[PDB]
Amino acid sequence: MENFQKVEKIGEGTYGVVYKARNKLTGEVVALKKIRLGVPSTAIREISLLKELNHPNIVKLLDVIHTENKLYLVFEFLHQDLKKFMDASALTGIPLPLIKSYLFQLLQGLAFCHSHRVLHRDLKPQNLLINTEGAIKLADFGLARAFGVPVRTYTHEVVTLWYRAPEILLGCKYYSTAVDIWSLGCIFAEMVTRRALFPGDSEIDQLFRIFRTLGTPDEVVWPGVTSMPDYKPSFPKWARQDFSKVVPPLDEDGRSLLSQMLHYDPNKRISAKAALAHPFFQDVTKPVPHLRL
Ligand SMILES: Nc1n[nH]c(N)c1/N=N\c1ccc(O)cc1
């Protein structure tokens, strides 16, 4: 604050408004997130850890400014998010090579964060940001654990459930890096089909949409599921569909990979590091998007 000229709003994440801003010294143009709330010290301490978790696929946290009831996070500015790009690209879709490049890069971002035991917990197309040179980067990494995840944002807009892993929906309190692999799998499926995979509009709806596509989980596919807090014996028991029906026209390597990322059992679900070795990525390249900013 003080030091920043606000130039436009670009965002209203769960925790507060994001503005494009110019630093009145450095020249530099940044995204300034003004987080509403003085400030609880554990979150300060947590957020500050984030200043060292740097990777070319993680949106750089430039500075943390704590002043009153006032927490501003100053990030690297990128000029659009994947949801806007997807919307823009709807008539033809994102070309597969670009989809592949984006998935590859996000997995790298995740492998990095995961290797330092940092989870995102709330990946969604809105927090995947892209630039003109064919990069894509994860934003808001680590903010969920620092703060919480609320059911509504500061604006009352509802927090999307569409990318939530089933172990979170079933009440697992101590979930793992696997939850980000689930989310990125849903996002990969959405890029390919141009439709969200599981667009739930409540927690039961989200879970039943998952069950309807992947089969109601049981003790066979997921040891320990029926003991989870929010598991009920009364869930309907739906059959698994083929992936071939779910993500046409993804090829067999794509489908193989997606299936591994969407394993019910978080223990069996593919890691980011293992995903990077999958044959899907054998012919990966780094195309430039056509970007109309
Ligand atoms: N549109 C954008 N360009 N660059 C950004 N960083 C950006 N938007 N949003 C965010 C959102 C959250 C964040 O932690 C960082 C940036």
# chains A, B, ... in the order shown; residues from 1 in each chain; ligands from 1

$ closest_atom_pairs --of "chain A" --to "ligand 1" --cutoff "10 Å" --atoms "only C-alpha atoms and all ligand atoms" --output "JSON lines"
{"residue": "A:9", "atom": "CA", "partner": "ligand 1", "partner_atom_place_in_ligand_line": "1 (N)", "distance": 8.9}
{"residue": "A:10", "atom": "CA", "partner": "ligand 1", "partner_atom_place_in_ligand_line": "1 (N)", "distance": 5.5}
{"residue": "A:11", "atom": "CA", "partner": "ligand 1", "partner_atom_place_in_ligand_line": "9 (N)", "distance": 5.9}
{"residue": "A:12", "atom": "CA", "partner": "ligand 1", "partner_atom_place_in_ligand_line": "11 (C)", "distance": 7.9}
{"residue": "A:13", "atom": "CA", "partner": "ligand 1", "partner_atom_place_in_ligand_line": "11 (C)", "distance": 6.4}
{"residue": "A:14", "atom": "CA", "partner": "ligand 1", "partner_atom_place_in_ligand_line": "12 (C)", "distance": 9.3}
{"residue": "A:15", "atom": "CA", "partner": "ligand 1", "partner_atom_place_in_ligand_line": "12 (C)", "distance": 9.3}
{"residue": "A:16", "atom": "CA", "partner": "ligand 1", "partner_atom_place_in_ligand_line": "12 (C)", "distance": 9.2}
{"residue": "A:17", "atom": "CA", "partner": "ligand 1", "partner_atom_place_in_ligand_line": "11 (C)", "distance": 8.8}
{"residue": "A:18", "atom": "CA", "partner": "ligand 1", "partner_atom_place_in_ligand_line": "9 (N)", "distance": 6.1}
{"residue": "A:19", "atom": "CA", "partner": "ligand 1", "partner_atom_place_in_ligand_line": "8 (N)", "distance": 7.8}
{"residue": "A:20", "atom": "CA", "partner": "ligand 1", "partner_atom_place_in_ligand_line": "3 (N)", "distance": 7.3}
{"residue": "A:29", "atom": "CA", "partner": "ligand 1", "partner_atom_place_in_ligand_line": "4 (N)", "distance": 9.3}
{"residue": "A:30", "atom": "CA", "partner": "ligand 1", "partner_atom_place_in_ligand_line": "6 (N)", "distance": 7.0}
{"residue": "A:31", "atom": "CA", "partner": "ligand 1", "partner_atom_place_in_ligand_line": "6 (N)", "distance": 4.9}
{"residue": "A:32", "atom": "CA", "partner": "ligand 1", "partner_atom_place_in_ligand_line": "15 (C)", "distance": 7.5}
{"residue": "A:33", "atom": "CA", "partner": "ligand 1", "partner_atom_place_in_ligand_line": "13 (C)", "distance": 6.8}
{"residue": "A:58", "atom": "CA", "partner": "ligand 1", "partner_atom_place_in_ligand_line": "15 (C)", "distance": 9.5}
{"residue": "A:59", "atom": "CA", "partner": "ligand 1", "partner_atom_place_in_ligand_line": "15 (C)", "distance": 6.4}
{"residue": "A:60", "atom": "CA", "partner": "ligand 1", "partner_atom_place_in_ligand_line": "15 (C)", "distance": 8.1}
{"residue": "A:61", "atom": "CA", "partner": "ligand 1", "partner_atom_place_in_ligand_line": "14 (O)", "distance": 7.6}
{"residue": "A:73", "atom": "CA", "partner": "ligand 1", "partner_atom_place_in_ligand_line": "14 (O)", "distance": 7.4}
{"residue": "A:74", "atom": "CA", "partner": "ligand 1", "partner_atom_place_in_ligand_line": "15 (C)", "distance": 7.7}
{"residue": "A:75", "atom": "CA", "partner": "ligand 1", "partner_atom_place_in_ligand_line": "15 (C)", "distance": 5.3}
{"residue": "A:76", "atom": "CA", "partner": "ligand 1", "partner_atom_place_in_ligand_line": "6 (N)", "distance": 5.1}
{"residue": "A:77", "atom": "CA", "partner": "ligand 1", "partner_atom_place_in_ligand_line": "4 (N)", "distance": 3.3}
{"residue": "A:78", "atom": "CA", "partner": "ligand 1", "partner_atom_place_in_ligand_line": "4 (N)", "distance": 3.3}
{"residue": "A:79", "atom": "CA", "partner": "ligand 1", "partner_atom_place_in_ligand_line": "3 (N)", "distance": 4.6}
{"residue": "A:80", "atom": "CA", "partner": "ligand 1", "partner_atom_place_in_ligand_line": "1 (N)", "distance": 4.9}
{"residue": "A:81", "atom": "CA", "partner": "ligand 1", "partner_atom_place_in_ligand_line": "1 (N)", "distance": 6.1}
{"residue": "A:82", "atom": "CA", "partner": "ligand 1", "partner_atom_place_in_ligand_line": "1 (N)", "distance": 9.9}
{"residue": "A:84", "atom": "CA", "partner": "ligand 1", "partner_atom_place_in_ligand_line": "1 (N)", "distance": 9.9}
{"residue": "A:126", "atom": "CA", "partner": "ligand 1", "partner_atom_place_in_ligand_line": "9 (N)", "distance": 7.9}
{"residue": "A:127", "atom": "CA", "partner": "ligand 1", "partner_atom_place_in_ligand_line": "11 (C)", "distance": 6.0}
{"residue": "A:128", "atom": "CA", "partner": "ligand 1", "partner_atom_place_in_ligand_line": "9 (N)", "distance": 8.4}
{"residue": "A:129", "atom": "CA", "partner": "ligand 1", "partner_atom_place_in_ligand_line": "2 (C)", "distance": 6.6}
{"residue": "A:130", "atom": "CA", "partner": "ligand 1", "partner_atom_place_in_ligand_line": "3 (N)", "distance": 8.1}
{"residue": "A:131", "atom": "CA", "partner": "ligand 1", "partner_atom_place_in_ligand_line": "3 (N)", "distance": 8.7}
{"residue": "A:137", "atom": "CA", "partner": "ligand 1", "partner_atom_place_in_ligand_line": "6 (N)", "distance": 9.2}
{"residue": "A:138", "atom": "CA", "partner": "ligand 1", "partner_atom_place_in_ligand_line": "14 (O)", "distance": 8.4}
{"residue": "A:139", "atom": "CA", "partner": "ligand 1", "partner_atom_place_in_ligand_line": "14 (O)", "distance": 4.7}
{"residue": "A:140", "atom": "CA", "partner": "ligand 1", "partner_atom_place_in_ligand_line": "14 (O)", "distance": 3.9}
{"residue": "A:141", "atom": "CA", "partner": "ligand 1", "partner_atom_place_in_ligand_line": "14 (O)", "distance": 7.2}
{"residue": "A:142", "atom": "CA", "partner": "ligand 1", "partner_atom_place_in_ligand_line": "14 (O)", "distance": 9.4}
{"residue": "A:143", "atom": "CA", "partner": "ligand 1", "partner_atom_place_in_ligand_line": "14 (O)", "distance": 8.1}

$ write_last_selection --atoms "C-alpha atoms" --output "tab-separated table (two decimals), in the first residue's frame"
chain	number	residue	atom	x	y	z
A	9	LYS	CA	-9.48	-4.93	-10.75
A	10	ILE	CA	-8.61	-8.27	-12.29
A	11	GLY	CA	-9.86	-10.69	-9.71
A	12	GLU	CA	-11.84	-11.40	-6.57
A	13	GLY	CA	-10.29	-14.62	-5.30
A	14	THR	CA	-11.81	-16.27	-2.26
A	15	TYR	CA	-9.81	-14.06	0.12
A	16	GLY	CA	-10.11	-10.69	-1.50
A	17	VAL	CA	-9.84	-8.38	-4.47
A	18	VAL	CA	-6.98	-8.69	-6.93
A	19	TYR	CA	-5.88	-5.50	-8.65
A	20	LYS	CA	-3.48	-4.77	-11.42
A	29	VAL	CA	3.38	-3.81	-12.75
A	30	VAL	CA	2.08	-6.39	-10.33
A	31	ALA	CA	-1.09	-8.10	-9.12
A	32	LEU	CA	-1.90	-6.78	-5.68
A	33	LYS	CA	-4.21	-8.96	-3.58
A	58	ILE	CA	4.35	-20.90	-9.69
A	59	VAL	CA	3.17	-17.29	-9.85
A	60	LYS	CA	5.97	-15.41	-8.10
A	61	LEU	CA	5.12	-13.96	-4.69
A	73	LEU	CA	0.31	-9.94	-1.29
A	74	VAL	CA	2.15	-8.60	-4.32
A	75	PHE	CA	2.40	-11.11	-7.15
A	76	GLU	CA	3.88	-11.35	-10.58
A	77	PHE	CA	1.37	-10.04	-13.18
A	78	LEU	CA	0.24	-12.36	-15.95
A	79	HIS	CA	-2.20	-11.23	-18.54
A	80	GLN	CA	-4.90	-13.90	-18.41
A	81	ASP	CA	-6.25	-16.98	-16.67
A	82	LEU	CA	-7.01	-20.36	-18.16
A	84	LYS	CA	-10.78	-16.83	-19.87
A	126	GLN	CA	-9.29	-19.23	-12.57
A	127	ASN	CA	-6.01	-19.66	-10.65
A	128	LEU	CA	-3.96	-20.98	-13.54
A	129	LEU	CA	-2.44	-18.00	-15.27
A	130	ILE	CA	-0.88	-17.86	-18.73
A	131	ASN	CA	1.46	-15.52	-20.65
A	137	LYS	CA	1.63	-20.92	-13.71
A	138	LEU	CA	-0.20	-21.85	-10.51
A	139	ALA	CA	-1.55	-18.92	-8.47
A	140	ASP	CA	-2.63	-18.83	-4.79
A	141	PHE	CA	-0.40	-21.78	-3.90
A	142	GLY	CA	-0.39	-22.26	-0.14
A	143	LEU	CA	-3.08	-19.67	0.72

$ select_by_dssp --residues "range 34-256 of chain A" --states "alpha helix (DSSP H)" --output "short mmCIF file (atom, residue, chain, number, x, y, z; two decimals) with N, CA and C atoms, in the first residue's frame"
data_model
loop_
_atom_site.label_atom_id
_atom_site.label_comp_id
_atom_site.auth_asym_id
_atom_site.auth_seq_id
_atom_site.Cartn_x
_atom_site.Cartn_y
_atom_site.Cartn_z
N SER A 41 -1.12 -14.42 13.32
CA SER A 41 0.32 -14.57 13.14
C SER A 41 0.72 -15.85 12.40
N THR A 42 -0.03 -16.92 12.62
CA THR A 42 0.27 -18.21 11.99
C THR A 42 0.16 -18.06 10.47
N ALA A 43 -0.79 -17.24 10.05
CA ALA A 43 -1.02 -17.02 8.63
C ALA A 43 0.11 -16.15 8.10
N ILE A 44 0.49 -15.14 8.88
CA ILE A 44 1.65 -14.34 8.51
C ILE A 44 2.87 -15.24 8.32
N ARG A 45 3.07 -16.11 9.30
CA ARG A 45 4.25 -16.96 9.32
C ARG A 45 4.18 -17.93 8.14
N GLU A 46 2.97 -18.38 7.81
CA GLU A 46 2.77 -19.36 6.74
C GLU A 46 3.01 -18.70 5.39
N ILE A 47 2.43 -17.52 5.23
CA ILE A 47 2.50 -16.81 3.96
C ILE A 47 3.95 -16.51 3.63
N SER A 48 4.73 -16.21 4.66
CA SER A 48 6.12 -15.78 4.48
C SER A 48 6.97 -16.94 4.00
N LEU A 49 6.64 -18.15 4.45
CA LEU A 49 7.26 -19.36 3.94
C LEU A 49 7.15 -19.36 2.40
N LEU A 82 -6.65 -19.27 -17.27
CA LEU A 82 -7.01 -20.36 -18.16
C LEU A 82 -8.51 -20.40 -18.45
N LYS A 83 -9.33 -19.97 -17.49
CA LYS A 83 -10.76 -19.97 -17.75
C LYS A 83 -11.14 -18.96 -18.83
N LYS A 84 -10.62 -17.73 -18.75
CA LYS A 84 -10.78 -16.83 -19.87
C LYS A 84 -10.26 -17.38 -21.19
N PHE A 85 -9.08 -18.01 -21.20
CA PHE A 85 -8.49 -18.55 -22.42
C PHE A 85 -9.35 -19.68 -22.97
N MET A 86 -9.81 -20.53 -22.06
CA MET A 86 -10.73 -21.59 -22.48
C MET A 86 -12.02 -21.05 -23.08
N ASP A 87 -12.65 -20.09 -22.41
CA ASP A 87 -13.82 -19.41 -22.95
C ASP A 87 -13.55 -18.78 -24.31
N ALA A 88 -12.53 -17.95 -24.41
CA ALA A 88 -12.03 -17.48 -25.69
C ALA A 88 -11.80 -18.56 -26.74
N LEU A 96 -4.46 -29.68 -28.87
CA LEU A 96 -3.99 -30.70 -27.95
C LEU A 96 -2.53 -30.48 -27.55
N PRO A 97 -1.65 -30.13 -28.51
CA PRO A 97 -0.26 -29.89 -28.14
C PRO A 97 -0.07 -28.84 -27.02
N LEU A 98 -0.91 -27.81 -27.04
CA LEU A 98 -0.93 -26.75 -26.03
C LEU A 98 -1.52 -27.27 -24.72
N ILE A 99 -2.58 -28.07 -24.83
CA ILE A 99 -3.17 -28.70 -23.66
C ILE A 99 -2.07 -29.52 -23.01
N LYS A 100 -1.34 -30.27 -23.83
CA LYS A 100 -0.34 -31.18 -23.32
C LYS A 100 0.77 -30.38 -22.63
N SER A 101 1.22 -29.30 -23.26
CA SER A 101 2.26 -28.42 -22.73
C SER A 101 1.85 -27.82 -21.38
N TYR A 102 0.63 -27.32 -21.33
CA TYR A 102 0.07 -26.80 -20.09
C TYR A 102 0.00 -27.83 -18.98
N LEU A 103 -0.47 -29.03 -19.29
CA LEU A 103 -0.54 -30.06 -18.25
C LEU A 103 0.86 -30.41 -17.71
N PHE A 104 1.82 -30.58 -18.62
CA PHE A 104 3.19 -30.88 -18.34
C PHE A 104 3.77 -29.84 -17.38
N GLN A 105 3.53 -28.57 -17.71
CA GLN A 105 4.07 -27.46 -16.89
C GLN A 105 3.42 -27.37 -15.51
N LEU A 106 2.10 -27.53 -15.47
CA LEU A 106 1.44 -27.59 -14.17
C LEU A 106 1.93 -28.74 -13.30
N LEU A 107 2.08 -29.92 -13.88
CA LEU A 107 2.65 -31.03 -13.16
C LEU A 107 4.04 -30.71 -12.60
N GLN A 108 4.86 -30.03 -13.40
CA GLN A 108 6.15 -29.59 -12.89
C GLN A 108 5.97 -28.70 -11.68
N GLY A 109 5.09 -27.72 -11.77
CA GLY A 109 4.78 -26.81 -10.65
C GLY A 109 4.37 -27.62 -9.44
N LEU A 110 3.49 -28.58 -9.64
CA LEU A 110 3.02 -29.43 -8.55
C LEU A 110 4.11 -30.33 -7.97
N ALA A 111 4.89 -30.98 -8.83
CA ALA A 111 6.01 -31.79 -8.36
C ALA A 111 6.87 -30.95 -7.40
N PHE A 112 7.18 -29.73 -7.81
CA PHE A 112 8.03 -28.82 -7.01
C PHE A 112 7.41 -28.58 -5.63
N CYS A 113 6.17 -28.09 -5.62
CA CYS A 113 5.50 -27.70 -4.39
C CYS A 113 5.39 -28.94 -3.50
N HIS A 114 4.90 -30.03 -4.10
CA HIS A 114 4.70 -31.29 -3.41
C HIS A 114 6.03 -31.79 -2.78
N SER A 115 7.17 -31.56 -3.41
CA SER A 115 8.46 -32.05 -2.90
C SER A 115 8.86 -31.26 -1.67
N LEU A 143 -2.14 -20.56 0.03
CA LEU A 143 -3.08 -19.67 0.72
C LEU A 143 -4.20 -20.44 1.42
N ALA A 144 -4.57 -21.62 0.92
CA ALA A 144 -5.66 -22.35 1.56
C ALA A 144 -5.23 -22.72 2.97
N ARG A 145 -4.02 -23.24 3.10
CA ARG A 145 -3.59 -23.71 4.40
C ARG A 145 -3.31 -22.52 5.30
N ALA A 146 -2.83 -21.42 4.73
CA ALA A 146 -2.51 -20.27 5.56
C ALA A 146 -3.81 -19.73 6.17
N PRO A 166 -12.45 -36.45 -3.95
CA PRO A 166 -13.53 -37.12 -3.22
C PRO A 166 -13.23 -37.33 -1.75
N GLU A 167 -11.97 -37.47 -1.40
CA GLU A 167 -11.57 -37.68 0.01
C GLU A 167 -11.88 -36.38 0.78
N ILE A 168 -11.84 -35.21 0.14
CA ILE A 168 -12.23 -33.99 0.85
C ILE A 168 -13.75 -33.96 1.06
N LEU A 169 -14.49 -34.28 -0.01
CA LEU A 169 -15.94 -34.35 0.05
C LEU A 169 -16.44 -35.38 1.07
N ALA A 178 -2.30 -35.67 -3.14
CA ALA A 178 -3.16 -36.30 -4.12
C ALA A 178 -4.35 -35.43 -4.48
N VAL A 179 -4.76 -34.54 -3.58
CA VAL A 179 -5.94 -33.74 -3.86
C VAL A 179 -5.64 -32.79 -5.03
N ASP A 180 -4.40 -32.35 -5.19
CA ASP A 180 -4.08 -31.44 -6.32
C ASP A 180 -4.03 -32.18 -7.67
N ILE A 181 -3.60 -33.44 -7.65
CA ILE A 181 -3.59 -34.32 -8.84
C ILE A 181 -5.01 -34.57 -9.32
N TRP A 182 -5.95 -34.78 -8.40
CA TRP A 182 -7.38 -34.90 -8.73
C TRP A 182 -7.86 -33.66 -9.46
N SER A 183 -7.57 -32.52 -8.85
CA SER A 183 -8.04 -31.23 -9.40
C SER A 183 -7.47 -31.05 -10.79
N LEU A 184 -6.18 -31.32 -10.96
CA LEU A 184 -5.57 -31.09 -12.26
C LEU A 184 -6.06 -32.08 -13.32
N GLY A 185 -6.44 -33.27 -12.87
CA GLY A 185 -7.13 -34.18 -13.75
C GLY A 185 -8.45 -33.67 -14.24
N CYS A 186 -9.26 -33.05 -13.38
CA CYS A 186 -10.53 -32.48 -13.80
C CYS A 186 -10.33 -31.33 -14.81
N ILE A 187 -9.21 -30.62 -14.62
CA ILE A 187 -8.93 -29.46 -15.45
C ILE A 187 -8.44 -29.91 -16.84
N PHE A 188 -7.67 -31.00 -16.88
CA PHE A 188 -7.19 -31.65 -18.12
C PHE A 188 -8.38 -32.16 -18.96
N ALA A 189 -9.32 -32.83 -18.30
CA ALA A 189 -10.56 -33.32 -18.93
C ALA A 189 -11.38 -32.17 -19.51
N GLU A 190 -11.44 -31.05 -18.81
CA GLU A 190 -12.20 -29.85 -19.21
C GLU A 190 -11.55 -29.19 -20.41
N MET A 191 -10.22 -29.11 -20.42
CA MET A 191 -9.53 -28.55 -21.59
C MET A 191 -9.85 -29.37 -22.84
N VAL A 192 -9.82 -30.70 -22.71
CA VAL A 192 -10.02 -31.60 -23.85
C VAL A 192 -11.46 -31.57 -24.37
N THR A 193 -12.43 -31.54 -23.48
CA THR A 193 -13.82 -31.64 -23.90
C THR A 193 -14.53 -30.32 -24.06
N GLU A 203 -22.28 -30.12 -2.28
CA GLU A 203 -21.34 -31.18 -1.96
C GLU A 203 -21.91 -32.55 -2.30
N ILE A 204 -23.21 -32.74 -2.13
CA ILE A 204 -23.74 -34.06 -2.47
C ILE A 204 -23.83 -34.26 -4.00
N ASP A 205 -24.26 -33.22 -4.68
CA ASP A 205 -24.25 -33.20 -6.14
C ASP A 205 -22.86 -33.44 -6.72
N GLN A 206 -21.82 -32.79 -6.17
CA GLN A 206 -20.47 -32.97 -6.70
C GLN A 206 -20.09 -34.44 -6.53
N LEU A 207 -20.35 -34.97 -5.35
CA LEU A 207 -19.97 -36.35 -5.07
C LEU A 207 -20.72 -37.31 -5.96
N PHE A 208 -22.04 -37.13 -6.08
CA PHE A 208 -22.81 -37.98 -6.98
C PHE A 208 -22.48 -37.86 -8.46
N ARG A 209 -22.08 -36.67 -8.90
CA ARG A 209 -21.53 -36.56 -10.26
C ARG A 209 -20.25 -37.36 -10.47
N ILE A 210 -19.36 -37.32 -9.49
CA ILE A 210 -18.18 -38.18 -9.51
C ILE A 210 -18.62 -39.66 -9.58
N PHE A 211 -19.56 -40.06 -8.73
CA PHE A 211 -19.92 -41.47 -8.60
C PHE A 211 -20.53 -41.96 -9.91
N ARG A 212 -21.30 -41.08 -10.53
CA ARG A 212 -22.03 -41.37 -11.76
C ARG A 212 -21.10 -41.63 -12.94
N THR A 213 -19.90 -41.05 -12.88
CA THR A 213 -18.96 -41.20 -13.97
C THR A 213 -17.96 -42.31 -13.61
N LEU A 214 -17.44 -42.30 -12.39
CA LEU A 214 -16.37 -43.21 -12.02
C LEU A 214 -16.83 -44.48 -11.29
N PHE A 243 -13.77 -44.29 -19.96
CA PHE A 243 -13.15 -42.99 -20.24
C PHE A 243 -13.32 -42.61 -21.67
N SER A 244 -13.40 -43.62 -22.53
CA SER A 244 -13.57 -43.34 -23.93
C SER A 244 -14.84 -42.53 -24.15
N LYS A 245 -15.83 -42.72 -23.29
CA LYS A 245 -17.05 -41.93 -23.38
C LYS A 245 -16.85 -40.59 -22.73
N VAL A 246 -15.94 -40.50 -21.76
CA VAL A 246 -15.82 -39.30 -20.95
C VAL A 246 -14.94 -38.20 -21.52
N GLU A 252 -5.15 -42.85 -26.29
CA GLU A 252 -5.04 -43.84 -25.22
C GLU A 252 -4.05 -43.50 -24.11
N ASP A 253 -2.99 -42.79 -24.46
CA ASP A 253 -2.01 -42.36 -23.44
C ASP A 253 -2.64 -41.29 -22.53
N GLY A 254 -3.27 -40.30 -23.16
CA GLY A 254 -4.07 -39.31 -22.44
C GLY A 254 -5.10 -39.91 -21.51
N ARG A 255 -5.85 -40.89 -22.01
CA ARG A 255 -6.89 -41.53 -21.22
C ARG A 255 -6.31 -42.35 -20.06
N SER A 256 -5.20 -43.03 -20.30
CA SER A 256 -4.44 -43.80 -19.31
C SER A 256 -4.00 -42.87 -18.21
#

$ closest_residue --among "A:135, A:288, A:174, A:200" --to "residue 159 in chain A" --atoms "only C-alpha atoms"
A:200

$ select_by_dssp --residues "range 21-242 of chain A" --states "strand (DSSP E)" --output "MDAnalysis selection string"
chainID A and resid 21:23 29:36 61:66 70:76 80:81 128:130 136:138

$ write_last_selection --atoms "C-alpha atoms" --output "tab-separated table (two decimals), in the first residue's frame"
chain	number	residue	atom	x	y	z
A	21	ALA	CA	-1.25	-2.15	-9.83
A	22	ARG	CA	1.88	-0.17	-10.59
A	23	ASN	CA	4.68	0.21	-8.09
A	29	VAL	CA	3.38	-3.81	-12.75
A	30	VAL	CA	2.08	-6.39	-10.33
A	31	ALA	CA	-1.09	-8.10	-9.12
A	32	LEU	CA	-1.90	-6.78	-5.68
A	33	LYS	CA	-4.21	-8.96	-3.58
A	34	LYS	CA	-5.75	-7.17	-0.62
A	35	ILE	CA	-6.71	-9.86	1.87
A	36	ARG	CA	-9.59	-8.87	4.10
A	61	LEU	CA	5.12	-13.96	-4.69
A	62	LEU	CA	7.06	-10.66	-4.80
A	63	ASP	CA	6.28	-9.29	-1.38
A	64	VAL	CA	4.01	-9.55	1.64
A	65	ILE	CA	3.00	-6.27	3.22
A	66	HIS	CA	1.37	-6.40	6.61
A	70	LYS	CA	-4.27	-5.25	6.25
A	71	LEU	CA	-2.47	-8.03	4.37
A	72	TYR	CA	-1.42	-7.34	0.79
A	73	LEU	CA	0.31	-9.94	-1.29
A	74	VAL	CA	2.15	-8.60	-4.32
A	75	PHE	CA	2.40	-11.11	-7.15
A	76	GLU	CA	3.88	-11.35	-10.58
A	80	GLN	CA	-4.90	-13.90	-18.41
A	81	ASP	CA	-6.25	-16.98	-16.67
A	128	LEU	CA	-3.96	-20.98	-13.54
A	129	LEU	CA	-2.44	-18.00	-15.27
A	130	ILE	CA	-0.88	-17.86	-18.73
A	136	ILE	CA	1.25	-21.39	-17.44
A	137	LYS	CA	1.63	-20.92	-13.71
A	138	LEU	CA	-0.20	-21.85	-10.51

$ atom_distance --atom1 "CA of residue 215 in chain A" --atom2 "CA of residue 177 in chain A"
22.7 Å

$ decode --residues "range 98-111 of chain A" --atoms "N, CA and C atoms" --output "PDB file, in the first residue's frame"
ATOM      1  N   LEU A  98      -0.912 -27.807 -27.045  1.00  0.00           N
ATOM      2  CA  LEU A  98      -0.928 -26.751 -26.034  1.00  0.00           C
ATOM      3  C   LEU A  98      -1.522 -27.271 -24.723  1.00  0.00           C
ATOM      4  N   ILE A  99      -2.577 -28.073 -24.834  1.00  0.00           N
ATOM      5  CA  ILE A  99      -3.173 -28.705 -23.659  1.00  0.00           C
ATOM      6  C   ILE A  99      -2.072 -29.515 -23.007  1.00  0.00           C
ATOM      7  N   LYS A 100      -1.340 -30.275 -23.834  1.00  0.00           N
ATOM      8  CA  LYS A 100      -0.339 -31.183 -23.319  1.00  0.00           C
ATOM      9  C   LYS A 100       0.771 -30.383 -22.626  1.00  0.00           C
ATOM     10  N   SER A 101       1.219 -29.299 -23.255  1.00  0.00           N
ATOM     11  CA  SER A 101       2.264 -28.416 -22.726  1.00  0.00           C
ATOM     12  C   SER A 101       1.854 -27.818 -21.376  1.00  0.00           C
ATOM     13  N   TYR A 102       0.627 -27.323 -21.326  1.00  0.00           N
ATOM     14  CA  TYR A 102       0.070 -26.797 -20.088  1.00  0.00           C
ATOM     15  C   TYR A 102      -0.002 -27.830 -18.978  1.00  0.00           C
ATOM     16  N   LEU A 103      -0.473 -29.027 -19.287  1.00  0.00           N
ATOM     17  CA  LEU A 103      -0.536 -30.062 -18.248  1.00  0.00           C
ATOM     18  C   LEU A 103       0.856 -30.407 -17.710  1.00  0.00           C
ATOM     19  N   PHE A 104       1.818 -30.583 -18.624  1.00  0.00           N
ATOM     20  CA  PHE A 104       3.194 -30.875 -18.337  1.00  0.00           C
ATOM     21  C   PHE A 104       3.774 -29.838 -17.384  1.00  0.00           C
ATOM     22  N   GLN A 105       3.527 -28.572 -17.713  1.00  0.00           N
ATOM     23  CA  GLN A 105       4.071 -27.464 -16.890  1.00  0.00           C
ATOM     24  C   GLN A 105       3.415 -27.372 -15.515  1.00  0.00           C
ATOM     25  N   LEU A 106       2.097 -27.528 -15.472  1.00  0.00           N
ATOM     26  CA  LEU A 106       1.441 -27.589 -14.167  1.00  0.00           C
ATOM     27  C   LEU A 106       1.928 -28.743 -13.296  1.00  0.00           C
ATOM     28  N   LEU A 107       2.077 -29.924 -13.880  1.00  0.00           N
ATOM     29  CA  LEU A 107       2.653 -31.032 -13.159  1.00  0.00           C
ATOM     30  C   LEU A 107       4.036 -30.712 -12.603  1.00  0.00           C
ATOM     31  N   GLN A 108       4.860 -30.025 -13.397  1.00  0.00           N
ATOM     32  CA  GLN A 108       6.154 -29.587 -12.888  1.00  0.00           C
ATOM     33  C   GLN A 108       5.967 -28.704 -11.676  1.00  0.00           C
ATOM     34  N   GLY A 109       5.087 -27.716 -11.771  1.00  0.00           N
ATOM     35  CA  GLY A 109       4.779 -26.808 -10.655  1.00  0.00           C
ATOM     36  C   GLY A 109       4.375 -27.624  -9.437  1.00  0.00           C
ATOM     37  N   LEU A 110       3.490 -28.585  -9.640  1.00  0.00           N
ATOM     38  CA  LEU A 110       3.017 -29.429  -8.550  1.00  0.00           C
ATOM     39  C   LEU A 110       4.107 -30.326  -7.968  1.00  0.00           C
ATOM     40  N   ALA A 111       4.892 -30.977  -8.825  1.00  0.00           N
ATOM     41  CA  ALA A 111       6.010 -31.790  -8.355  1.00  0.00           C
ATOM     42  C   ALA A 111       6.873 -30.951  -7.402  1.00  0.00           C
TER      43      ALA A 111
END
